[PDB]
Amino acid sequence: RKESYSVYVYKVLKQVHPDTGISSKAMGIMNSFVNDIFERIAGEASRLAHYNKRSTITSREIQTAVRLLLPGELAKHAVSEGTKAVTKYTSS
Amino acid sequence: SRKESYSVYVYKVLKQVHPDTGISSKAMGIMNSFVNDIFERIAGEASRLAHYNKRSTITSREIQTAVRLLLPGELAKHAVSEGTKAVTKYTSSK
Amino acid sequence: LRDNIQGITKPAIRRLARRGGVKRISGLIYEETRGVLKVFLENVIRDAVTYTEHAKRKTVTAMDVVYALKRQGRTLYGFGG
Amino acid sequence: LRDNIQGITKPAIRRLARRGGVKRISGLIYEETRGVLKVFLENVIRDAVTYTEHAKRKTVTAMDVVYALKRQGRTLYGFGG
Amino acid sequence: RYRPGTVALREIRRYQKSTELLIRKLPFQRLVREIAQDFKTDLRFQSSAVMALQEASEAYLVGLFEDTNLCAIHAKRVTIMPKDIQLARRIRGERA
Amino acid sequence: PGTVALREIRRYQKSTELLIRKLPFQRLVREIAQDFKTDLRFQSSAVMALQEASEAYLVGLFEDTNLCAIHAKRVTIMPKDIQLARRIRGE
Amino acid sequence: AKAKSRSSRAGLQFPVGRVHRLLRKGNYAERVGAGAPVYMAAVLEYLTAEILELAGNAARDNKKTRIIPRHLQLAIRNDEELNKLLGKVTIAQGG
Amino acid sequence: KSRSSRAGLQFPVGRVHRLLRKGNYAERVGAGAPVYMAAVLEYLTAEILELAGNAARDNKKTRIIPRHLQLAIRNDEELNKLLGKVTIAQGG
DNA sequence: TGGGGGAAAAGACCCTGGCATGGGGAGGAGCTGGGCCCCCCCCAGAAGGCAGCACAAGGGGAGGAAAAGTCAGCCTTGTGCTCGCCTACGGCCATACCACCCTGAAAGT
DNA sequence: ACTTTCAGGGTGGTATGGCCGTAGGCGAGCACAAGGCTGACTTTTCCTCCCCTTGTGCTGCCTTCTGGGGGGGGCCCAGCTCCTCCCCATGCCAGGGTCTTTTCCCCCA
């Protein structure tokens with residue numbers, strides 16, 4: 001019952017490096033990385049909601065939290081990937 | 001719209017610790033920021049503690065552990081002693 | 001909309017250095033301290049403007065600046081918080 | 001017991017310095033590095049043991065160490081989180 | 001005619017005894033608005049916001065100059081240099 | 001004197017193994033923890049994580065120390081370099 | 001019964017009730033215990049008393065009567081523990 | 001249909017939604033916030049994995065190891081900025 | 001000599017008391033995973049010693065580049081006035097999210 | 001491979017948040033000095049940089065031995081899990097006590 005992103009990280013490795021495997025130790029580092037960035041974005045989006053006295057974390061707060069934490073080029077691409085998914089999700 | 005601050009209580013503690021010394025408005029506004037910063041630090045550390053221990057309650061044990069984690073040395077020692085004394089007085093008087 | 005980093009004059013940089021305890025100052029210190037100040041200001045102002053844009057505001061506020069400074073481990077007292 | 005700081009031997013300190021990029025090492029560097037390592041370990045272990053005692057446990061856990069390091073600005077990837 | 005250094009020590013004592021801003025306000029306001037221009041056009045600024053920015057900037061610069069003086073004294077010098085500032089920044093973690 | 005130093009830097013910068021011996025590091029960690037709580041047990045993973053963190057910390061400190069040493073027109077690192085690096089870092 | 005303030009019951013001067021309200025509204029946990037506000041208010045009041053006593057000593061050194069940011073900064077920078085606790089904090093008009 | 005396969009993401013939108021709701025971040029969590037966070041996490045993991053795979057290929061290896069992850073992180077400038085105060089276990 | 005802070009008055013708002021109530025965790029058992037301890041061994045690295053060499057430190061010289069003083073100008077700043085724009089509150093209503101019940105599937109074993 | 005929890009469909013409800021209106025605080029803008037600050041020049045002198053020498057400590061290499069690393073086994077203690085229940089925290093409403101906003105005037109700066 002101990003969940004992890006080890007199932008979903010594997011499916012993204014088979015899309016960029018289909019012929020390359022991942023060790024057991026390195027795959028646990030991948031989980032500590034995802035669990036770190038998620039808490040970073042959710043800890044800044046929870047501050048933007050408090051500053052503006054809002055009780056809801058929407059995609060607008062996650063967008064700003066990504067913009068405040070990630071560096072220059074990563075934030076330009078991570079935001080674009082986020083808004084493409086939300087648009088596709090809402091549209092059927 | 002009425003804003004809230006710890007100015008009244010900071011003034012009461014200042015009167016208790018220094019009977020005749022006053023305080024400027026800039027100093028009071030700095031003290032309010034100090035109190036808010038310490039409060040947010042202890043609250044965040046206690047929330048992280050309760051999440052690490054899979055608990056849904058922030059209690060005196062969590063606040064004491066957060067104080068021990070943040071304050072240095074004799075500051076932490078005396079703050080923990082003051083907190084324990086206050087909690088004992090509160091729960092010893094209904 | 002013009003060179004405003006030259007408005008951080010040499011006497012101001014020397015005053016800041018002497019507040020820092022510096023005894024003698026090399027003549028190339030000024031143009032480099034100007035760039036350091038520019039980088040720091042760019043970081044803080046970018047964070048403050050991101051907060052302002054998220055808040056759907058047009059004026060950058062002291063509280064936005066305070067949040068921007070706190071986000072860098074540079075908490076500042078006396079302007080709110 | 002006592003007298004275990006010497007377990008960080010001089011060759012180990014030289015290997016760590018060579019990993020850092022050091023070419024030549026003075027003789028007092030070994031004692032200074034032992035003191036520095038001792039201070040760092042006391043800080044991290046104090047935080048980890050506080051985290052352990054909060055859980056009413058008697059075993060210092062890799063998670064306790066990870067949290068103690070995280071609350072000092074040194075995140076560690078590999079042992080969980 | 002005072003000897004080279006005594007006036008410098010007097011300035012050090014005077015500027016460590018005072019609390020005022022050592023950077024003129026109008027040029028700093030102009031520079032702040034200049035920098036914010038490239039982040040968002042037609043941006044207004046609170047005087048308290050500009051005040052907080054100036055206070056933080058001057059505290060940062062004073063601390064950096066103290067570290068620079070430490071670096072200069074390390075190399076057996078009394079004159080701080082751009083190399084001293086660069087070393088201080090690299091060690092604290094601003095230049096990597 | 002120095003070519004072996006270069007061919008030691010090139011060897012221990014390319015490898016990833018721990019540089020300190022596990023048994024004395026374990027004994028030192030337990031000796032330190034004894035002053036915080038008596039009769040403490042330690043997970044092997046906890047001690048290993050302490051070792052990795054300590055080694056990374058010391059490698060970074062030695063990088064800053066080497067920078068301080070080159071600042072003073074020297075190739076030999078001295079305790080003054082470590083003290084300056086730590087003071088500038090804020091420790 | 002008579003509305004006795006929990007601050008008075010605990011013997012503190014800080015607002016135990018307001019601290020409880022901020023802890024509940026701050027999104028720190030699903031629930032907040034009854035001793036958490038009492039402990040946090042006591043800690044905050046002790047730290048305020050310490051910093052204000054040191055600021056008053058600093059003001060008395062300078063032959064003043066009213067505490068100003070300079071006195072607070074002097075107290076913090078001259079106290080070893082308070083310097084460690086606040087060693088990343090900038091004080092406005094503190095010098 | 002699973003919420004991930006309505007906008008085309010490999011990361012679990014439902015799991016991220018539950019993590020945000022249970023994470024004590026705000027009294028409410030929107031409906032596009034988990035999608036946006038899942039997209040950002042997926043993009044970051046994909047970028048890090050691609051660079052680590054490039055590093056592993058440079059070392060004539062078919063497996064991702066902490067050494068390769070550390071090499072990718074330290075080589076890429078933006079990743080070096082984001083994970084600048086992060087230690088990788090057995091990463092060299 | 002001046003200006004702002006310590007006291008006083010009105011009010012408004014939120015804190016406490018009271019009541020009903022679901023659920024979190026404290027506790028009592030059980031169970032077993034691994035942390036500590038002992039044992040053997042052996043050989044890889046730590047330690048000590050010696051040669052030598054190269055590197056840091058002290059002294060001396062030179063030149064060059066900050067410091068200190070001076071003078072003229074300039075542009076910051078405090079005050080005054082205007083405008084109008086943005087921001088904060090109020091009133092209202094839509095719909096987005098939570099809460100809960102069922103079912104199948106996916107991911108962890 | 002099997003499966004067991006947990007993500008998803010469906011339905012109700014309301015509380016958060018978006019939209020429109022509005023009015024004022026305050027941010028932008030323009031004069032107007034004027035004088036304190038800044039910029040440019042000059043002397044010089046003291047600091048920094050280069051060179052030379054030396055001795056002192058660092059490094060490289062050999063040899064010995066020791067203690068750390070790798071298993072092998074035990075065991076028993078502490079961490080994890082499950083079932084009870086009860087006591088603590090939450091939700092809601094009334095009413096009053098405390099904390100916020102406005103005026104001032106006299107003592108500290």
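Chain letters run A, B, ... following the sequence lines, proteins first, then strands; residues in each count from 1.
Proximity of A:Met27 to A:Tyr10: side-chain heavy atoms (C-beta onward) are separated by under 4.5 Å at one or more points. Looking at heavy atoms from C-beta onward, C:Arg14 lies in side-chain contact with C:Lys10 at the 4.5 angstrom threshold. Under the 4.5 Å side-chain criterion, counting only non-hydrogen atoms from C-beta, H:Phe11 is in contact with A:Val12. Inter-residue side-chain proximity for B:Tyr9 and G:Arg18 is flagged as met; some heavy-atom pair is nearer than 4.5 Å.
Comparing the P positions of J:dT101 and I:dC89 gives an interatomic distance of 12 Å, to the nearest angstrom. Annotation: J:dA94 and J:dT16 have their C1' atoms spaced 26 Å apart (nearest Å). Comparing the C1' positions of I:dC85 and I:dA9 gives a spacing of 37 Å, expressed to the nearest Å. J:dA78 and I:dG108: their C1' atoms are spaced 27 Å apart (whole Å).
With a 6.0 Å radius and a threshold of 12 heavy atoms from other residues, nucleotides or ligands, A:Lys14 has its NZ atom at or below the threshold. D:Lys23 NZ: 12 or fewer foreign heavy atoms inside a 6.0 Å radius. Within 6.0 Å of atom NZ in F:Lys22, more than 12 heavy atoms from other residues, nucleotides or ligands are found, so the atom counts as buried in its surroundings. Enclosure of atom CG in G:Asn62 by more than 12 non-hydrogen atoms of other residues, nucleotides or ligands within 6.0 angstrom is indicated. For B:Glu4, the CD atom sits in a packed shell: over 12 heavy atoms of surrounding residues, nucleotides or ligands are nearer than 6.0 Å.
Using a 4.0 Å heavy-atom distance criterion, B:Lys15 is classed as making no nucleic acid contact. Nucleic acid contact for A:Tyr5: none, since no nucleic acid atom lies under 4.0 Å from a heavy atom of the residue. Residue B:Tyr9 is classed as a sugar-phosphate contact, given heavy-atom separations below 4.0 Å to backbone atoms only.
Mapped onto DNA chain I by nearest heavy atom, G:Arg6 and F:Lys80 fall at different nucleotides, with G:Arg6 at the one closer to the 5' end. A residue-by-residue look at F:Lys73 and G:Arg18 shows that F:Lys73 has its nearest nucleotide of DNA chain J further toward the 5' end. Residues F:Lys22 and G:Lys63 each lie close to DNA chain J; by heavy-atom proximity, the contact nearer the 5' end of the strand is made by F:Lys22.
For the pair E:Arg10 and E:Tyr2, the cation sits on the ring face: its NZ or CZ lies under 6.0 Å from the ring centre, inside 45° of the axis.
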### Intermediate values then yes/no, side-chain contact (heavy atoms from CB on, under 4.5 Å), F:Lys37 and D:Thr52
CA-CA 10 Å; F:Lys37 208 194 142 26; D:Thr52 295; over 6 Å; no
ask   = Can you check side-chain contact (heavy atoms from CB on, under 4.5 Å) on H:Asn24 and B:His51, steps first, answer last?
value = CA-CA 9 Å; H:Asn24 285 316; B:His51 175 250; 5.9 Å; no
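If you check I:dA66 for Watson-Crick or wobble pairing at under 3.5 angstrom, you find it paired to J:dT44. A 3.5 Å limit on both hydrogen-bonding distances identifies no Watson-Crick or G-U partner for J:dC88.
Each salt bridge (charged side-chain N to carboxylate O under 4.0 Å, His left out) pair with one or both residues in residues 52-63 of chain D, not counting sequence neighbours, appears once here: D:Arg57-D:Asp64.
Between I:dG6 and B:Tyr11, a contact under 4.0 Å exists linking OP1 or OP2 to a side-chain N or O. The side chain of D:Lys56 places an N or O atom within less than 4.0 Å of a non-bridging phosphate oxygen (OP1 or OP2) of I:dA26. For the OP1/OP2 pair of I:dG25 and a distance below 4.0 Å, the side-chain nitrogens and oxygens of B:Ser56 include at least one atom meeting the criterion. Residue G:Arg21 places at least one side-chain N or O closer than 4.0 Å to OP1 or OP2 of I:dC15. For C:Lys58, no side-chain nitrogen or oxygen approaches OP1 or OP2 of I:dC86 to under 4.0 Å.
For F:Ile20 and J:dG68, the CD1 to P distance is 14 Å, given to the nearest whole Å. Taking atom CD1 on D:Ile8 and atom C1' on I:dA46, their separation rounds to 14 Å, with Å as the unit. Between the CG atom of B:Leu49 and the P atom of I:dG25 there is a distance of 14 Å, given to the nearest Å. In this structure, CZ of E:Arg77 is placed 12 Å from P of I:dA66, rounded to the nearest angstrom. One interatomic measurement links the two molecules: CZ of A:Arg60 to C1' of J:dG17, which rounds to 13 Å at whole-angstrom precision. Distance CE (A:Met27) to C1' (I:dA107): 13 Å, rounded to an integer number of Å. In this structure, F:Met48 places its CE atom 12 Å from P of I:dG35, rounding to the nearest Å. Rounded to a whole Å, the NZ atom of B:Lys54 is 15 Å from the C1' atom of J:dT81.
Comparing J:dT16, J:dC37, J:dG97 by their nearest atom to the side chain of G:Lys2 picks out J:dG97. In the set J:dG39, I:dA46, I:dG17, the nucleotide with an atom closest to the side chain of D:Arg15 is I:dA46. Relative to the side chain of D:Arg57, the nucleotides J:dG79, I:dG24, I:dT16 differ in distance, and J:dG79 lies closest. If you check J:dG39, J:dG96, I:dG45 against the side chain of F:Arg21, the one that comes closest is I:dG45. Closest approach to the B:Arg55 side chain among J:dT100, J:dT38, I:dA26 is made by I:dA26 (side chain taken as heavy atoms from C-beta onward). Comparing I:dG17, J:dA109, J:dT48 against the side chain of G:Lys64 picks out J:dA109 as the nearest.
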Between the protein and nucleotides 101-105 of chain J, which nitrogen or oxygen pairs are less than 3.5 angstrom apart?
{"from": "J:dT101", "atom 1": "OP1", "to": "B:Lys3", "atom 2": "N", "distance (Å)": "2.9"}

Check nucleotides 26-32 of chain J for protein N or O atoms closer than 3.5 Å to its own N or O atoms and list the pairs.
{"from": "J:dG27", "atom 1": "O4'", "to": "E:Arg44", "atom 2": "NH2", "distance (Å)": "3.3"}
{"from": "J:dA28", "atom 1": "OP1", "to": "E:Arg33", "atom 2": "NH1", "distance (Å)": "2.5"}
{"from": "J:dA28", "atom 1": "OP1", "to": "E:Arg33", "atom 2": "NH2", "distance (Å)": "3.4"}
{"from": "J:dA28", "atom 1": "OP1", "to": "E:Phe45", "atom 2": "N", "distance (Å)": "2.9"}
{"from": "J:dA28", "atom 1": "OP2", "to": "E:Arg33", "atom 2": "NH2", "distance (Å)": "3.0"}

Do any N or O atoms of the protein come closer than 3.5 Å to N or O atoms of nucleotides 93-99 of chain I, and which pairs are they?
{"from": "I:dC97", "atom 1": "OP1", "to": "H:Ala31", "atom 2": "N", "distance (Å)": "2.9"}
{"from": "I:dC98", "atom 1": "OP1", "to": "H:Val29", "atom 2": "N", "distance (Å)": "2.7"}
{"from": "I:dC98", "atom 1": "OP1", "to": "H:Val29", "atom 2": "O", "distance (Å)": "3.3"}

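Here the straight-line distance linking atom CE of F:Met78 with atom CZ of D:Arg24 works out to 8.0 Å at 0.5 Å rounding.
With respect to the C1'-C2'-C3'-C4' torsion, I:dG17 shows a south sugar, the value lying on the negative side.
Side-chain atoms of C:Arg15 never come within 3.5 Å of backbone atoms of E:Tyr15 as a donor-acceptor pair (strictly under, hydrogens ignored). Using a distance-only test at 3.5 Å, with no hydrogens or angles considered, no donor-acceptor pair links the side chain of G:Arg60 to the main chain of G:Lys64.
Applying the side-chain hydrogen bond (donor to acceptor under 3.5 Å, both in side chains) rule to F:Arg41 yields no partners; only residues at least two apart in sequence or on another chain are considered.
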Given protein heavy atoms under 4.0 Å, the one-letter contact record of nucleotides 56-67 of chain J, with B base, S sugar-phosphate only and - none, is simply --SSS-------
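Classification of J:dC88 as syn follows from a glycosidic angle within 90° of 0.
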